[PDB]
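Before any comments, here is the structure.
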Amino acid sequence: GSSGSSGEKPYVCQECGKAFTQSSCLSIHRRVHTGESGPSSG
Ligand SMILES: [Zn+2]
C-alpha cells in the first residue's frame, strides 16, 4: 500500500538511482559505488 505523504525512506541513492526496502543500506552501498556503466555490455 501507499500513503499520501512524503518522507518515505529518505535514504535514496542519486548517483545510480537505487532505493532500499531496509535502512542503513545506502551506507554500505556508497562503499561499493565505484566505477560506471554504459550501454556497451558483453
Ligand atoms: Zn548508487
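Each chain of the C-alpha cells is named A, B, ... in the order shown, its residues numbered from 1; ligands are numbered from 1 in display order.
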Would you write out, as a tab-separated table, a table of all residues in chain A that have an atom no more than 9 Å from an atom of ligand 1, listing for each the closest atom pair and the distance in Å to one decimal, considering only C-alpha atoms and all ligand atoms and ordering rows by chain and rising residue number?
residue	atom	partner	partner_atom_place_in_ligand_line	distance
A:12	CA	ligand 1	1 (Zn)	8.3
A:13	CA	ligand 1	1 (Zn)	4.9
A:14	CA	ligand 1	1 (Zn)	6.2
A:15	CA	ligand 1	1 (Zn)	4.9
A:16	CA	ligand 1	1 (Zn)	4.2
A:17	CA	ligand 1	1 (Zn)	5.8
A:18	CA	ligand 1	1 (Zn)	5.7
A:19	CA	ligand 1	1 (Zn)	8.5
A:26	CA	ligand 1	1 (Zn)	7.6
A:29	CA	ligand 1	1 (Zn)	6.5
A:30	CA	ligand 1	1 (Zn)	6.5
A:32	CA	ligand 1	1 (Zn)	8.6
A:33	CA	ligand 1	1 (Zn)	5.9
Shell around segment 2-11 of chain A at 9 Å using only C-alpha atoms, local window under 3 positions removed, as a ChimeraX atom specification: /A:19-27
